[PDB]
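Have a look at the structure below before the remarks.
The sequence lines fix the lettering, A, B, ..., with proteins before strands; numbering per chain opens at 1. Side chains included, hydrogens not; waters and symmetry mates left out as well; all remaining heavy atoms used.
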Amino acid sequence: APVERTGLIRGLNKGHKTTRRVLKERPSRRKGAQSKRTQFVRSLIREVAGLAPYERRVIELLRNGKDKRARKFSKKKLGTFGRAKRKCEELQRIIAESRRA
Amino acid sequence: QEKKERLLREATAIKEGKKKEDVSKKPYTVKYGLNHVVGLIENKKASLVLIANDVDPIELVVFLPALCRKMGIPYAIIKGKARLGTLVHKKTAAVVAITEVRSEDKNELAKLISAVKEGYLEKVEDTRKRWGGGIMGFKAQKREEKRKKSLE
Amino acid sequence: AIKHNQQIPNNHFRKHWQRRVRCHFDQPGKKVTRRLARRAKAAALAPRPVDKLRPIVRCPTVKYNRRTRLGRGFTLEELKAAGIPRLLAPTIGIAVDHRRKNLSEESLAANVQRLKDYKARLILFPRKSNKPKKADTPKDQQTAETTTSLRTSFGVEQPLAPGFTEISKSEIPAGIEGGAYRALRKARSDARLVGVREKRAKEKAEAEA
Amino acid sequence: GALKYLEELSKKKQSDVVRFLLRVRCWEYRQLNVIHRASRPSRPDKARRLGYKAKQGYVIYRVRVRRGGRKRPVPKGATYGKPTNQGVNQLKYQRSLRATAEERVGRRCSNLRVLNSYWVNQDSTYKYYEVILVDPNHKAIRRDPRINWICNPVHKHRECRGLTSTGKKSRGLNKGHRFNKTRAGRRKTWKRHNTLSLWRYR
RNA sequence: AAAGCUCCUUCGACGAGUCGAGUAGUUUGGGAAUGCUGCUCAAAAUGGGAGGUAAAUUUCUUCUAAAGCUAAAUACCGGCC
RNA sequence: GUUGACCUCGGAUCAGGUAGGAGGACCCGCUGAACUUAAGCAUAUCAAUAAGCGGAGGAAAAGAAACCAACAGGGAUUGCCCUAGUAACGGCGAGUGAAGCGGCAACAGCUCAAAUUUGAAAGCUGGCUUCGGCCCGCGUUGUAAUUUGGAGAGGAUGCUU
Ligand SMILES: [Mg+2]
Ligand SMILES: [Mg+2]
Ligand SMILES: [Mg+2]
Ligand SMILES: [Mg+2]
Ligand SMILES: [Mg+2]
Ligand SMILES: [Mg+2]
Ligand SMILES: [Mg+2]
Ligand SMILES: [Mg+2]
Ligand SMILES: [Mg+2]
Ligand SMILES: [Mg+2]
Ligand SMILES: [Mg+2]
Ligand SMILES: [Mg+2]
Ligand SMILES: [Mg+2]
Ligand SMILES: [Mg+2]
Ligand SMILES: [Mg+2]
Ligand SMILES: [Mg+2]
Ligand SMILES: [Mg+2]
Ligand SMILES: [Mg+2]
Ligand SMILES: [Mg+2]
Ligand SMILES: [Mg+2]
Ligand SMILES: [Mg+2]
Ligand SMILES: [Mg+2]
Ligand SMILES: [Mg+2]
Ligand SMILES: [Mg+2]
Ligand SMILES: [Mg+2]
Ligand SMILES: [Mg+2]
Ligand SMILES: [Mg+2]
Ligand SMILES: [Mg+2]
Ligand SMILES: [Mg+2]
Ligand SMILES: [Mg+2]
Ligand SMILES: [Mg+2]
Ligand SMILES: [Mg+2]
Ligand SMILES: [Mg+2]
């Protein structure tokens with residue numbers, strides 16, 4: 001039972017009193033989970049293919065450059081700030097690995 | 001025909017009541033098929049890999065040298081997709097892997113692996129990293145030669 | 001052109017509505033056809049009931065929250081608790097819904113008991129009469145008064161809770177301390193002010209450094 | 001399997017290797033005919049994913065279609081009506097270039113059933129697709145319950161009736177509030193909403 | 001041989017010029033943009049979509065797209081009775 | 001070196017097949033008006049209609065959630081009643097206008113891609129055959145078996161089919 005309801009409508013924990021059971025996770029909910037082979041295949045394919053032109057531009061703006069410029073450019077390229085920040089984190093990991101290899 | 005004969009003798013065996021895989025022994029054969037070979041080198045069972053140099057959609061094999069390097073398995077890009085095919089009784093094979101051999105030619109396998117390593121991989125260790133040439137045509141090459149000779 | 005005290009007309013007949021008029025002179029004939037189809041399918045399902053067993057389900061919204069009805073099918077958890085195999089349930093007249101979940105022990109237990117009653121009342125004929133298996137009805141309790149309508153014989157016994165109940169005096173519960181109206185006002189105010197109070201509390205906590 | 005690697009590689013359309021392959025194959029396809037039989041799928045993973053099988057009765061046809069919007073085919077740009085209908089240039093076709101490619105390939109190979117299609121290349125003036133088709137008269141197809149549903153007459157010219165993937169995309173066939181107008185068919189839903197129902201005992 | 005159930009450390013592959021974003025046109029009751037399409041940009045891995053007011057941040061809920069088949073209840077007197 | 005493989009591309013009144021047209025009331029798409037209403041008229045309305053084009057069947061289409069919801073949660077699709085002339089849209093004018101829940105009719109669930117059968121391509125088309133099989137071809141750039149998230153795979157375990 002996550003949280004027990006107050007038994008009255010119009011409240012912070014409103015709702016009818018039921019003993020809420022915790023249940024095992026359905027296999028659909030695993031969709032975003034990472035796996036060993038997927039990780040292996042994606043890393044090998046990244047090694048084989050390299051970077052995109054916009055990814056190279058972002059990396060150049062990231063190392064010896066401006067993070068606000070990188071953020072703005074990444075958002076312009078990808079369309080969404082969440083995707084832009086995830087891409088910037090991934091390219092930061094790439095830069096760190098390349099520089100500390 | 002060999003498979004039919006083996007199945008026939010296994011049939012006589014289990015008609016006599018002797019269990020299967022008693023008349024026949026463990027087979028040692030070369031491994032083919034792209035997905036099968038990829039799985040073998042992923043599980044490190046492959047001892048040597050030969051990749052055809054002329055796979056129409058190179059994509060199917062463009063990652064194979066990198067995969068073999070990552071998994072630490074000796075590979076060689078060999079000439080003849082049709083050659084691998086006729087080796088394996090198909091039209092084409094596009095990839096071939098050898099995992100285990102019999103003891104009478106384990107020494108031959110070791111010799112082949114060492115020779116392939118030191119005579120292909122060590123020589124291509126550097127040339128595999130550079131871009132394919134932008135070679136011009138015959139007349140363009142002659143024009144550039146004339147230009148350089150006139151300049152000097 | 002309005003001329004008197006009229007309700008403003010808004011009759012949506014400015015399209016060619018006559019092109020799509022649907023009369024219903026075939027209502028009795030369609031009813032007859034439906035009855036014939038029902039009789040034919042009941043005859044085809046000769047000893048079996050004409051429908052599948054359905055679970056009890058609570059209607060979603062805050063309206064209809066109070067009422068139960070029949071659902072689509074029983075969940076995997078309900079079938080497992082009742083001991084009925086998943087592949088065996090749909091072949092013996094039980095509807096299965098793989099996408100419904102049991103978030104509450106009350107619904108889970110009610111549906112499990114429903115399934116157990118159905119299994120207790122089930123008569124299972126052997127696949128071959130000359131060699132019955134241990135899971136089939138052994139030819140002696142195979143004769144009984146059966147039902148052909150699970151929607152009536154296994155309906156919703158009481159969709160609504162009983163609206164009237166008597167308790168003795170001195171068992172009357174004590175009211176909420178400030179009163180029910182005040183309690184509702186307080187709960188509403190707390191829900192309104194949860195975020196502002198949270199940000200103010202964290203601001204005052206962090207003001208020291 | 002190598003098809004997972006192929007799937008991952010096909011995502012990297014901006015990489016050097018994929019860009020080089022795309023450029024060269026675009027040149028080759030432009031040199032070839034507008035519609036032509038392809039011996040094998042150039043994207044084996046994509047074809048297998050969309051339902052292609054490597055057995056007799058499965059055919060791949062490559063087609064390129066002209067790119068851009070749909071200019072209104074009126075003489076001298078003169079639409080004869082109200083100003084809201086005077087647009088000529090920036091109008092858009094309601095179906096996809098993929099749908100046009102499938103329709104033309106189906107007309108070329110009437111004897112086959114269009115199973116699916118996929119993008120293979122792009123160009124300034126052309127878009128290139130490979131269409132998977134199935135032979136409904138081949139015995140290898142007619143004997144396979146996994147595919148022989150396409151042998152039934154109700155599946156004649158799926159690409160013409162919008163029953164392929166691109167047709168199901170254009171027609172708005174998805175569940176939810178965002179597809180209220182097109183869930184069950186736009187014209188059918190409109191007829192339902194505009195039908196006046198009169199019962200006997202009104 | 002094949003098949004179901006009861007428990008389990010572990011593993012658990014899941015559709016890309018696709019989603020999404022911008023812009024243009026059309027359409028919708030869908031209103032800082034409901035669907036569709038053209039062009040440009042162009043993804044990710046507890047990720048992704050949606051949660052009817054545009055945005056950043058933090059949670060929660062719900063499903064699992066970009067492959068496919070499938071009676072019935074429904075329309076229709078065009079055809080044959 | 002030539003032949004011989006395989007890769008594309010062709011010839012043939014080669015062997016065997018298939019498509020066209022009709023019908024189009026209903027059905028699935030595309031394309032697409034104006035009369036009219038607004039007491040004028042351009043957005044709007046008529047109308048996502050008529051006309052035009054392509055494609056099916058006895059039904060078609062849709063369909064087993066990247067759904068609805070916000071609840072004590074529902075649970076593929078379709079249709080009727082209601083929601084509701086409502087939310088909303090609209091020179092916010094004329095006018096237009098759904099959906100969830102709820103009752104009912106009818107109910108049905110499924111299979112592929114993504115895994116090595118690798119101790120044996122186990123798969124399939126065509127021809128011949130006494131019926132046991134044989135041959136060619138397709139196919140390893142993957143045809144069978146297994147698996148589809150409701151899981152499953154791997155192990156245990158004793159019953160059951
Ligand atoms: Mg009129
Ligand atoms: Mg072929
Ligand atoms: Mg004119
Ligand atoms: Mg107008
Ligand atoms: Mg009346
Ligand atoms: Mg999927
Ligand atoms: Mg898109
Ligand atoms: Mg969107
Ligand atoms: Mg757009
Ligand atoms: Mg627009
Ligand atoms: Mg239009
Ligand atoms: Mg719009
Ligand atoms: Mg909201
Ligand atoms: Mg699909
Ligand atoms: Mg689907
Ligand atoms: Mg369908
Ligand atoms: Mg002939
Ligand atoms: Mg002919
Ligand atoms: Mg015709
Ligand atoms: Mg007027
Ligand atoms: Mg007038
Ligand atoms: Mg006038
Ligand atoms: Mg309209
Ligand atoms: Mg018409
Ligand atoms: Mg019918
Ligand atoms: Mg159908
Ligand atoms: Mg599903
Ligand atoms: Mg739910
Ligand atoms: Mg429903
Ligand atoms: Mg609008
Ligand atoms: Mg309208
Ligand atoms: Mg209902
Ligand atoms: Mg035969």
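Base orientation at E:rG38 is anti, since its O4'-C1' glycosidic dihedral falls outside 90° of 0.
For C:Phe13, the ring pair (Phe, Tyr, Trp, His ring centres under 6.0 Å) partners two or more places apart in sequence, or in a different chain, are C:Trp17. With sequence neighbours left out, A:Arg46 forms a side-chain hydrogen bond (donor to acceptor under 3.5 Å, both in side chains) with A:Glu55, A:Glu90. Looking at residues two or more places apart in sequence or on another chain, you find no ring pair (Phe, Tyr, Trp, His ring centres under 6.0 Å) involving D:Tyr129. Looking at residues two or more places apart in sequence or on another chain, you find a ring pair (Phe, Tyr, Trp, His ring centres under 6.0 Å) between D:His155 and D:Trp149. Partners of D:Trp190 according to the ring pair (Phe, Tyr, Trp, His ring centres under 6.0 Å) rule, which considers only residues two or more places apart in sequence or in another chain, do not exist here. D:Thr182 meets the side-chain hydrogen bond (donor to acceptor under 3.5 Å, both in side chains) test with no other residue; sequence neighbours excluded.
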Can you check nucleotides 35-41 of chain F for protein contacts, nitrogen or oxygen pairs under 3.5 Å, and list what you find?
from	atom 1	to	atom 2	distance (Å)
F:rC35	OP2	D:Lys82	NZ	2.8
F:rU36	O4	D:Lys82	NZ	2.6
F:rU37	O2'	C:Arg14	NH1	3.0

Between protein and nucleotides 12-23 of chain F, what N or O pairs are separated by less than 3.5 Å?
from	atom 1	to	atom 2	distance (Å)
F:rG17	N2	D:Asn111	ND2	3.3

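C:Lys31 comes within contact range of no nucleotide atom at all, as no heavy-atom separation falls under 4.0 Å. D:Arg108 comes within 4.0 angstrom of nothing in the nucleic acid, heavy atoms only. Counting any heavy atom pair closer than 4.0 Å across all strands shown, A:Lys36 reaches sugar-phosphate atoms only and no base atom. Looking at heavy-atom distances under 4.0 Å, C:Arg54 makes contact with a base.
Under the Watson-Crick or G-U wobble criterion, with both distances below 3.5 Å, F:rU45 is left unpaired in every strand shown. The partner of E:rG22 is E:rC39, by the rule that a Watson-Crick or G-U pair needs both atom distances under 3.5 Å. F:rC159 is paired with E:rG4 under the Watson-Crick or G-U wobble criterion, all donor-acceptor distances under 3.5 Å. With a cut-off of 3.5 Å on both pairing distances, F:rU86 has no Watson-Crick or G-U wobble partner at all.
The residues D:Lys11 and D:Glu7 are annotated as salt-bridged, a charged nitrogen and a carboxylate oxygen being separated by less than 4.0 angstrom. Comment: C:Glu77 engages A:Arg21 in a salt bridge, judged by a side-chain N to carboxylate O separation of less than 4.0 angstrom.
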### Query
How does protein reach along nucleotides 68-78 of chain F, written 5' to 3' as B (base within reach of a heavy atom under 4.0 Å), S (only sugar-phosphate), or - (no contact)?
S-SBBBSBB-S
### Query
What string of B, S and - do you get for nucleotides 130-142 of chain F 5' to 3' if you count protein non-hydrogen atoms under 4.0 Å?
----SS-BSBBBB
### Message
At under 4.0 Å between heavy atoms, how does the protein contact nucleotides 75-81 of chain E? Give one character per nucleotide, 5' to 3', with B, S or -.
### Response
SS-----
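Base stacking between strand neighbours F:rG75 and F:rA76 is absent under the criterion of six-membered ring centres closer than 5.5 Å and ring planes inclined by less than 30 degrees. Judged by ring centres under 5.5 angstrom and plane angles under 30°, F:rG90 does not stack onto its neighbour F:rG91. Classification of the E:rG30/E:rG31 step: not stacked, the six-membered rings not being both closer than 5.5 Å at their centres and less than 30° apart in plane orientation.
Residue pairs meeting the side-chain hydrogen bond (donor to acceptor under 3.5 Å, both in side chains) criterion with at least one member in residues 43-53 of chain D, sequence neighbours excluded, are D:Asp45-D:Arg49.
To the nearest whole angstrom, the two P atoms, one in F:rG1 and one in F:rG133, are 49 Å apart. If you take atom P in E:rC63 and the same atom in F:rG149, they sit 15 Å apart, rounded to whole Å. Using atom P as the reference point in both F:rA12 and F:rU147, the two lie 50 Å apart (nearest Å).
For F:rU96, its base never sits under 3.5 Å from the side chain of C:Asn10 at any donor and acceptor pair. If you check distances only, the side chain of A:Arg83 does reach the base of E:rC19 with a donor-acceptor pair under 3.5 Å.
With both hydrogen-bonding distances under 3.5 Å required, F:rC128 and F:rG123 do not qualify as a Watson-Crick or G-U wobble pair. With both atom-pair distances required to fall under 3.5 Å, a Watson-Crick or G-U wobble pair links F:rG29 to F:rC53. Taking 3.5 Å as the upper bound for both contacts, F:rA144 does not pair with F:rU78 in Watson-Crick or G-U wobble fashion. Here F:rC124 sits opposite F:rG137 as a true base pair, Watson-Crick or G-U wobble, both distances under 3.5 Å. Under a 3.5 Å limit on both donor-acceptor distances, the bases of E:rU64 and E:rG47 meet the Watson-Crick or G-U wobble criterion.
The nearest whole Å value for the distance from the CD1 atom in D:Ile132 to the P atom in E:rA67 is 10 Å.
Side-chain heavy atoms of A:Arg29 come within 5.0 Å of major-groove base atoms (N7, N6, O6, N4, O4), with no such contact in the minor groove. At a cut-off of 5.0 Å, the side chain of D:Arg187 touches the paired bases from the major-groove side alone.
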